[PDB]
Protein chains: 2
Amino acid sequence: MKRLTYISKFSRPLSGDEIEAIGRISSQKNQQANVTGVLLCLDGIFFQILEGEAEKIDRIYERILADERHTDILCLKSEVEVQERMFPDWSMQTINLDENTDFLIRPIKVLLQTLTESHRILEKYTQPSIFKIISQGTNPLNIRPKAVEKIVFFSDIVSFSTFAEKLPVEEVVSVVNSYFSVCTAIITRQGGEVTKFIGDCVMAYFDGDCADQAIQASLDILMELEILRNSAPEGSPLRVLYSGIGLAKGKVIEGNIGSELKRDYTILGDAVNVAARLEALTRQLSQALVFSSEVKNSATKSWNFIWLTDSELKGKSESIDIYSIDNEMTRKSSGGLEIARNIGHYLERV
Amino acid sequence: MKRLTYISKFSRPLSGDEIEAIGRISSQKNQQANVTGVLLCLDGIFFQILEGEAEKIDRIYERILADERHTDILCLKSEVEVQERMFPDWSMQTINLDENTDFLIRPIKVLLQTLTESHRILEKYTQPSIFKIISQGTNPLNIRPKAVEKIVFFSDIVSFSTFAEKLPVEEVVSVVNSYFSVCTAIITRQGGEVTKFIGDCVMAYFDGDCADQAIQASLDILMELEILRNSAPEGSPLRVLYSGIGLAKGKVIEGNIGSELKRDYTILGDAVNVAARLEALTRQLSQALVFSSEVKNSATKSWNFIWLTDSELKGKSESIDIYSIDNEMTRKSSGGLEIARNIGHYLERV
Ligand SMILES: Cc1cc2nc3c(=O)[nH]c(=O)nc-3n(C[C@H](O)[C@H](O)[C@H](O)COP(=O)(O)O)c2cc1C
Ligand SMILES: Cc1cc2nc3c(=O)[nH]c(=O)nc-3n(C[C@H](O)[C@H](O)[C@H](O)COP(=O)(O)O)c2cc1C
């Protein structure tokens, strides 16, 4: 069997009516599915454990994930090899701790709340891959390191030092965070993982056979930033927000990397360095998107590739053929590299 | 008043005897201090809330932090402006949920456990600064960005690409993690903050008036790595583990930086770039530790400074005078840059 534990937050205040309406329907649907477990209610927070056949659990959780009466739904635990039920006589016992006033319940209830709100804080500082892994039934702490092929993505804000020199600190952070949010949303939707931010830089990666999605994600970022630039208020620093992007391909190590008290689940390898060095050349090459011939040849769609140059850094003393894609968006975004050379006056006056 | 909530793990199995011995003494000491609250016991895990005068709470928590009967002690919440007690009639009610078998207690107990073990996982992926902030009574999510002077620290493993080419993936990660652990331990003890790992690189920072501690931390890292090298088993990759270190000083932005779902509490600014670019020059300059004249002049101890060169990168078209310190350890560590140029054969045979 499968057992799922999740927490969520009320989307909006819920009445006494609506809460037992939820318990009523859940218990009826679970009874029919031979699913058991507990739904707990505490100060605008839901906790639920559900157990049964994996196929039925998955369809139930799918509806739960779509229910607009709660949000911020987070799976804390997924066990997919359960031999014995934890809550057998109850299709869906609902328990409401708000109305509760039992005696040793009161200390446990404030404990539950403080643990949950502390957990919500830590969630904001946690890589999204960690919660994905947990939702697949895997403890991330026990993943062993592996060699894997990846497409590595690296991007940054053009002339970011000008933003930091000219703007108040709150506006610098607003710009960076806006940029990071655009990139993260598109990368995640295209099947990639944003694994690190460093300075105003984004490091991300895609599966090794997903060069098409990496390229499409890069073009979508450029398109979204175009929308953001031309939709921003007059005088806004967002009007001169441009990105460079570099993609590389290679075998890297994936796993838990860090000190004893603080690790990241992330990647390590030469392709990370190549992607960052290619991204650095966007300015000199007058191309907003640059990638290696290995990325180019690994792609299977008929992108309009343009050869840029043959050069190198490193390290390994090997030359690399560098490509972009030639379309209206990359031409406009590449022109933005030039524009961003002299945005100091524009930024001085926001 | 002040109210503290923390969790901990048993250091070792604790008997029925020892647990009420803890409750017995705690209740007696709290009664004398006019401290109230609750200590909860659940499957080798402690939860406690304590409330009272800040000075008495701090002295009590100090003893709790020293008690070898528990470990992994983590403050989830510190409220330092409490006007009203949450648990007034009880100096230290102790509650043991293991022995408990009440009816709606059972679902809440498995909930408490799953929340706690999920929290413990997330702790391993969380910057240490976040828990420090929480322990000071501050929610990190509501810190506003600020401009602050910092000394920025950047370091990496010399010829790391050779380790990744020659060693099995498990041994590559073991080396990197060992290095990261050495650096983090020393930096934290010297009052700094390790804020990011990228590749085999460590980024950290110290208060702007703490150049002496930054320099001492750097020298201690070099000394610890010497101990690690000369103490490692024969043939071990750790025998050829060397570091470069660069320090820079400047005004940076500190605050929450990232996408909507994932942020870091970290720094942003030119001094980060300068520190990384200085660290990159360690090889060309044949000096394991390099730093800017601003770091040099900001220090107040009589380090044996040696001027290295006048050069630049950037960006800003300004030259920088680069320094090191000349002692036996930096000479030996700098010689290690040369040794690390040709460790491929040594590493091929581990
Ligand atoms: C907090 C919460 C918990 C829920 N738990 C369950 C559940 O355990 N089983 C279930 O069938 N529906 C549960 N639901 C309701 C589903 O989201 C959905 O409303 C219902 O199952 C779909 O019914 P339908 O088959 O007519 O579409 C829950 C809803 C909420 C808000
Ligand atoms: C889980 C746990 C909770 C404790 N809580 C308290 C407490 O609330 N108040 C207290 O005085 N001691 C508490 N202690 C015990 C202290 O660590 C320490 O043993 C004792 O207070 C010191 O007594 P002393 O003044 O003779 O040194 C706790 C110990 C443990 C293991």
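To find a chain, count down the sequence lines: A is the first, B the second, and so on, and within it residues start at 1. In each ligand, atom 1 is the first atom listed, and ligand 1 is the first ligand listed. Worth knowing before you read on, the calculation uses all heavy atoms, side chains too, and leaves out hydrogens, waters and symmetry mates.
On a distance-only criterion, A:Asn30 and ligand 1 share at least one N/O pair closer than 3.5 Å. Every N/O-N/O distance between B:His70 and ligand 2 stays at or above 3.5 Å.
Side-chain atoms of A:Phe46 and A:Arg69, non-hydrogen and from C-beta on, never get closer than 4.5 Å to each other. For the pair B:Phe206 and B:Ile187, the minimum side-chain heavy-atom distance is below 4.5 Å.
Residue B:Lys29 holds the heavy atom nearest to atom 23 (O) of ligand 2 of all those in B:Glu18, B:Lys56, B:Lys29. Looking at B:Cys41, B:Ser26, B:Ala21, B:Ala66, it is B:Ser26 that brings a heavy atom closest to atom 13 (C) of ligand 2.
Regarding atom 22 (C) of ligand 2, its nearest protein heavy-atom neighbour is B:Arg63 NE, 3.3 Å. Of all protein heavy atoms, the one closest to atom 8 (O) of ligand 1 is A:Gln48 NE2, 2.6 Å. At the top of the distance list for atom 29 (C) of ligand 1, counting protein heavy atoms only, stands A:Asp67 OD2, 3.5 Å.
Aromatic ring pairs are classed by plane angle as parallel below 30°, tilted from 30° to 60° and perpendicular above 60°; the pair B:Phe103 and A:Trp90 is perpendicular.
If you number the atoms of ligand 1 from 1 as listed, the ones under 4.0 Å from a heavy atom of A:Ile22 come out as 2 (C), 29 (C), 30 (C), 31 (C). The contact set between ligand 1 and A:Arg69, taken as ligand atoms under 4.0 Å from a residue heavy atom, comprises 19 (O). Each of the following atoms of ligand 2 lies closer than 4.0 Å to a heavy atom of B:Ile60: 7 (C), 9 (N), 10 (C).
Using a 3.5 Å distance cut-off with no hydrogens or angles, the side chains of B:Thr71 and B:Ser11 do not pair a donor with an acceptor.
Heavy atoms of other residues, nucleotides or ligands lying less than 6.0 angstrom from CD of A:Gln32 number more than 12.
B:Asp58 and B:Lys2 are joined by a salt bridge, as a carboxylate oxygen and a charged side-chain nitrogen come within less than 4.0 angstrom of each other. Taking the charged nitrogens against the carboxylate oxygens, B:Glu117 and B:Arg120 have no contact shorter than 4.0 Å, which rules out a salt bridge.
Under the 4.0 angstrom criterion for non-hydrogen atoms, A:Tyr6 is in contact with ligand 1.
Applying side-chain contact (heavy atoms from CB on, under 4.5 Å) to A:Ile45 and the options A:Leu112, A:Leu40, A:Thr116 leaves one that passes, A:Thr116.
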